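A.B. asks: how would this look folded up:
(7 chains, ligands or ions: 1)
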Amino acid sequence: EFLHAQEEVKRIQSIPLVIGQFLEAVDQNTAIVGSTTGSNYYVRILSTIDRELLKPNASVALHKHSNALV
Amino acid sequence: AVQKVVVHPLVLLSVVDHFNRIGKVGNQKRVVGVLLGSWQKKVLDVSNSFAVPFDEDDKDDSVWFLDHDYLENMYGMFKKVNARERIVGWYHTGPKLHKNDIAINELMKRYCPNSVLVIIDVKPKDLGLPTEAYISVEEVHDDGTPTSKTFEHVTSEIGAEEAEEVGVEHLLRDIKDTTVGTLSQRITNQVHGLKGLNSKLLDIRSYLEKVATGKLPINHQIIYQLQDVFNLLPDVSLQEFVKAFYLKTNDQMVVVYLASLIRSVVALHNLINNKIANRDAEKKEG
Amino acid sequence: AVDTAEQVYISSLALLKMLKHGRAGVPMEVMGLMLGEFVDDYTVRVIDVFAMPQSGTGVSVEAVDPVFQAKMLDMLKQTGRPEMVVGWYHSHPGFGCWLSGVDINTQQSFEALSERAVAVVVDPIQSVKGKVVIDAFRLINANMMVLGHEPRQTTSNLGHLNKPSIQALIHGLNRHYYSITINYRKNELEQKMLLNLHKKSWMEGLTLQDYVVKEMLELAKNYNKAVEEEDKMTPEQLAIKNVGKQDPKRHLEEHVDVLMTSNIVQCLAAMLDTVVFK
Amino acid sequence: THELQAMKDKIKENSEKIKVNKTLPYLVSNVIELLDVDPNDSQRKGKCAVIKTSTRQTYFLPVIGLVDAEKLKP
Amino acid sequence: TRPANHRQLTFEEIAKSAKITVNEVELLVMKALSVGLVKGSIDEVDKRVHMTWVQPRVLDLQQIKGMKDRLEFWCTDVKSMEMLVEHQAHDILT
Amino acid sequence: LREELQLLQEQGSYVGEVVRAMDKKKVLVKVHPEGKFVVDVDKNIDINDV
Amino acid sequence: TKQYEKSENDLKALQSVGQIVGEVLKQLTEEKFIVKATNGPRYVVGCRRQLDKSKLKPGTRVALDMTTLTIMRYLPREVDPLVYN
Ligand SMILES: [Zn+2]
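C.D. replies: Numbers count the residues shown, from 1 in each chain, chains lettered A, B, ... in the order given. Provided below are the atomic coordinates:
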C-alpha cells in the first residue's frame, strides 16, 4: 500500500509542464521560482531530492496549473 | 480494409447494461445493438454506441428486426454531440453466431460500405481475451459453391483513453500493480504454458477428430502450413541443442556475472552502511 | 420541512457517459442531463446518463431542448426501461469544477421543472485513476434564511463529505448550496469482469506474446556501474574526518533496491529460456 | 422526394447555431495561406491554414468553413 | 518428414534420393533458394548442405499420426517440467 | 504533500509584493509581471504588521 | 439535395475547436518536448499517436493543442513579408 502510494507520486505530475527559472531557496521543502514569463511564485519543491537538483540558478519545468517544482 | 479493431470497456458495458434491460424483462435471443465506431486510421476504434430493441424468432430462425427510426434520429443526436463518431456496424453478445447474420450486415451496407460485427461476452468464462471481431467479405470458395459471404475473424484488442480511467480503474482497487520485474513475468510463464499447451492439446485432439469425422474442413491448407512454421524446431528429445548447448550457457554468461558482480557491490552497500549506522546509534545511546 | 441526508446511487453505465461526454467537450464545458428515479427523500439513484450537444458559444439554459427530451423519452419507451428525467449535470474541464454564474441560473430553471435537479460536475484533470474526482451539489433555498440552515441528521456521511473541504472557492460556493454524498451500489457482476477484461488484455496482450532484453542489460550494467561509483563517493563524504560536515545523511536508497530488482529482472528473464524450453 | 423540408429545417437550425455564432466575436484574426497534407503514418487528406489574433496569439484551425480558400490572398 | 535436427545434411544423402552427381548439387540446392521453398545456406567445406525454415506440402494419414507423436510430445514434456518450475518457485510468489 | 499540492494546485501559489498599507483593511499586493492589485483581510497578518 | 446534408455534416466537423501554434525549441525526452508558443511561454508536453518522426524538427513551427498543448501537425514557418515583396 505504501509502494502503491510511491507509484502515485512517481507518476505525478507526469505531463504536461511549463518551463521556468529557479531563483533561490528560501527554506526547506519550498522555494520561490520564476516561470518563462518571469513570474516568481511560492512553490513546494518535490520531496525526493532537495539538494543536488535544486541548484542556485537553473531552468526548471513547472506544472501547468500548480507550477510545481519537480 | 479493416485489419484490427479496438474495443473499449465503455462501449462493452453499453452492451452489458442493456443485458440488465432485456434480462429482467425477458425473454429470448440476446443483446443486439448498433455499433458507433471511430476511424482515424486503418486500425478501427470504438468509443460509444447505442442499444436498439431487437428480436429474432427461432422457427423462423432467420427473422430479425432492426429499428431504423431509432437508428436515424438518435444518430443525429449523437452526430450533434460528436461529429467524428459514426456507426461502423452492429454488434451482439453471441456467444455463437447464426446464419441469419448475413442479412443483418447486408441490409446496413447502405449506411456504411463495410459493416464490422462485434461478438461480445457479458459473462467472462474462457479461454482468454474476450469478445471477438468479424469482417464481412466474399472469399467465394474452392469447391465451386456460389459466391459465399462468411465473416472472417479480426484480431481484437482492448484499449484505454484519457479521462475514462477515473471511475473505471478506481472501482476495482483490489489489483496489485503491476508489479513488473518480480511476479509479473513469472505468473505469465505459468500461464503461457497452461494456455499455450491446453489449446495445443485442444487442437491436436481436434486434428485427430478430423480423421474420424468432420472432413471437410480439409482445411485447407492453413492447418498444416502454419503448423510447419511451428516445426522449424519441434523441439523433440532431446532438444537438438548440440549446437545451441554451448550457446545456452553463453546466454547465461552475462546474466550470472552481472548477478554475482553487482550483488557483491550491493552487499558492500548493504553490509557496510548498515554496520556503520547501527554501531553509531547503538553504542552512543547508552 | 423534514430533511434527511441524501445518498446518490450511481450506475456504472451512468459513470461512463459522464466522463466520456465530458472528454468530448474538452477543453470547453458541456451541459448534460441526469436520468434516474427518486426512491425516497434520503436516497436518490441515477440509473442512466445521456449525451447532450456541446455549446461553443458558452453554456446557456436554451442548450437543453424540450423536444430533444420528448423524442429521447420516446426512444426509452421502446427501450427496456423508460425512466423519467430527474436532474442536470455539466462538465468543467478547464478549472477546478466549481459552479459558475450559468450553473446557478439553470438551477432555479430546472428546480421548477423537476423536484430535485441535483447539480453534478466533473473534471478530468484532477487525477487519473485512484480518485473519484467528479463533484456533486444541490441548491438549498435562499428563502430559508428565516429558518435554520443546519440539517441533516446522520452526521457520518456529513462529516466525511465536509472533508477535505476541497480548497476554498468550493466552500465559498457553499452559500445557497450544499454538497451530497456519492456511493456505488454493487456493480460487482460487471465490476468483476471490469478488472478481468482490463488485466487480461494488459498482461503481455495474450499473457503469451511478450515472452530491450540484453541491450537493456548493457544499459542496466551502466546503471549498475556508472550510477554506482557516483553514489559510492558519498560514503567517502560521510568520513570527514572527523567531523566537520553536517550529519546524518543516508545515501543507501533508492538505487540499492533498484539494483536488487535489476538482477531480479535479468535472472527471471533468463529463466524464460528454461521455462518455455522443457 | 419530400425529405427536403425536414432536411431544410436542420440547415436553418444549424444556421441558428451559426446565428449564435453570429453573436458575437471578441476576437479578430489575420489570415495566412497554407496547404498541408499529412501522410499517415488509412489516409487523411485536406487543407489547413494559419490564424492570427488581435490579442497577439496565433491559432491553428482547418480551412474555413465557410468561405473557401479560393478567396483570397491572405 | 524427419523431426531432425539433423539440420545440416551431407551431400551423399541428397545425391542418393536425387541420384545426381556431386558437381550438380550446387545448382540443385541453390536454385531452390530462388524458388523460395528453402532459405538454407550451404556449407561447402564438407559439402554438407544446411537447411533453414521448411516447405510444408499437402498431408497424409501417416503424417497426422507422425504429427500426434511429435506434437503432443512437446506438450507433455514441457507441461511436465512446467509444473516442476511451478512446484518450488511458487512459494516466493505469494 | 499531495494535500499540500492541492492548496497550491488550482491557480498556483504566487508571490506578492506590498507597496503600501491602507487604513481601509485592504493591503496592496503587486505581482511582478502584472500590475498592483489589492486584497483585504487576511486575518493571519495584521494590518499594523504589514 | 443530399449536398446540404454533406455540407452540414462538414460544418459539424467545424465544431472541433482550433488549436494554437508554437515553435519547437529542444526535446528533453520522448515524453517531453520543449515548445515555445508565439506568445512566448514555453511548455514541455507529451504527444499523440498520429504523428511521425518528422514532427520533431530542429526548431520548426508546430501546432499545439488547446488542452494538453500536444502537437497535431507541423507546417513550414514564415513571417510572410515575402508574398508582399
Ligand atoms: Zn458552465
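A.B. asks: tell me the SS of the nearest residue to residue C:86 once chain neighbours are set aside?
C.D. replies: Distance criterion Cβ to Cβ, 6 or more residues apart in numbering or on different chains; nearest residue to residue C:86, sequence neighbours excluded, is residue C:36 at 4.7 Å. For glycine as for every other residue, the C-beta is placed from the backbone atoms N, C-alpha and C. Counting by DSSP: H, G, I helix; E, B strand; the rest coil, the backbone at residue C:36 sits in strand.
A.B. asks: what's the burial count for residue C:36?
C.D. replies: 23 (other Cβ atoms under 10 Å in any protein chain shown).
A.B. asks: next, the buried residues of the helix or strand hosting residue E:89.
C.D. replies: With secondary structure defined by DSSP states H and E, residue E:89 is part of helix E:61-89. Buried residues in helix E:61-89, counted by 16 or more other Cβ atoms under 10 Å in any protein chain shown: E:64, E:67, E:71, E:72, E:74, E:75, E:77, E:78, E:79, E:82, E:85, E:86.
A.B. asks: what of stretch B:279-286?
C.D. replies: Buried, per 16+ other Cβ under 10 Å, within stretch B:279-286: nothing.
A.B. asks: ok, back up a step: okay, the buried residues of helix E:61-89 in CSV with distance to residue A:57 next?
C.D. replies: CSV is the format used below for the buried residues of helix E:61-89 (distance: Cβ to Cβ, whole Å):
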residue, distance to residue A:57
E:64, 77
E:67, 72
E:71, 69
E:72, 70
E:74, 65
E:75, 66
E:77, 66
E:78, 61
E:79, 63
E:82, 59
E:85, 56
E:86, 57
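A.B. asks: residue C:18: which of the residues you listed is nearest?
C.D. replies: Closest approach to residue C:18 among these (Cβ to Cβ): residue E:86, at 43.3 Å.
A.B. asks: what about the helix ranked longest in chain B and chain E, touching?
C.D. replies: Counting residues, the longest helix in chain B under DSSP state H turns out to be helix B:245-285. No: using Cβ under 8 Å from any Cβ of the partner chain, helix B:245-285 never reaches chain E; the gap is at least 13.0 Å.
A.B. asks: not counting its neighbours along the chain, what's nearest residue 47?
C.D. replies: Since no chain was named, I'll use chain A. Nearest non-adjacent residue to residue A:47, counting by Cβ to Cβ, 6+ apart: residue F:1, 5.6 Å away.
A.B. asks: not quite, go with chain F.
C.D. replies: residue F:25 (6.1 Å).
A.B. asks: stretch B:75-85 near chain G anywhere?
C.D. replies: Yes: legend: contact between stretch B:75-85 and chain G by Cβ under 8 Å from any Cβ is shown at B:79, B:80, B:83, B:84.
A.B. asks: does chain C have contacts with the helix or strand where residue F:3 lies?
C.D. replies: Secondary structure assignment for residue F:3, by DSSP H and E: helix F:2-7. Yes: using Cβ under 8 Å from any Cβ, helix F:2-7 reaches chain C at F:3, F:6, F:7.
A.B. asks: go through that helix and flag the buried ones.
C.D. replies: residue F:5.
A.B. asks: cool, stretch F:30-45 as well?
C.D. replies: If you call a residue buried by 16+ other Cβ under 10 Å, then stretch F:30-45 has no buried ones at all.
A.B. asks: got a list of contacts for that stretch?
C.D. replies: The contact list for stretch F:30-45, computed with Cβ atoms under 8 Å, 6 or more residues apart in numbering or on different chains, reads A:37-40, F:14-19, F:22, F:25-29, F:47.
A.B. asks: alpha carbons only: can I get that stretch in CSV?
C.D. replies: Extracted in CSV, the C-alpha atoms of stretch F:30-45 (Å, rounded to 0.1, in the frame of the first residue of the first chain):
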residue,chain,number,x,y,z
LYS,F,30,1.9,43.7,-6.6
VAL,F,31,2.7,40.8,-8.9
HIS,F,32,6.0,41.1,-10.9
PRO,F,33,4.6,40.5,-14.4
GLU,F,34,1.2,42.0,-13.6
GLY,F,35,0.2,45.4,-12.1
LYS,F,36,-0.5,46.3,-8.5
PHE,F,37,-3.6,44.5,-7.0
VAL,F,38,-5.1,44.8,-3.5
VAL,F,39,-6.7,42.4,-1.0
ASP,F,40,-8.4,42.7,2.3
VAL,F,41,-8.1,40.6,5.5
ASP,F,42,-6.1,38.3,5.6
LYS,F,43,-6.5,37.8,9.3
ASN,F,44,-3.2,36.0,9.7
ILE,F,45,-1.1,39.1,9.0
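A.B. asks: before we move on, back to that, how distant is the helix holding residue F:3 from the center of its chain?
C.D. replies: Its chain's average C-alpha position is 18 Å from that of helix F:2-7, according to Cα atoms, centre = their mean, to the nearest Å.
A.B. asks: same check, this time on stretch C:78-93
C.D. replies: The answer for stretch C:78-93 is 20 Å, by Cα atoms, centre = their mean.
A.B. asks: try stretch G:31-49
C.D. replies: Put simply, stretch G:31-49 sits 10 Å off its chain's centre (Cα atoms, centre = their mean).
A.B. asks: and the contacts of that stretch?
C.D. replies: A:15-19, A:35-37, A:61, A:64, D:56-58, G:20-28, G:55-56, G:62, G:64-65, G:68-72.
A.B. asks: alright, that wraps it up for me.
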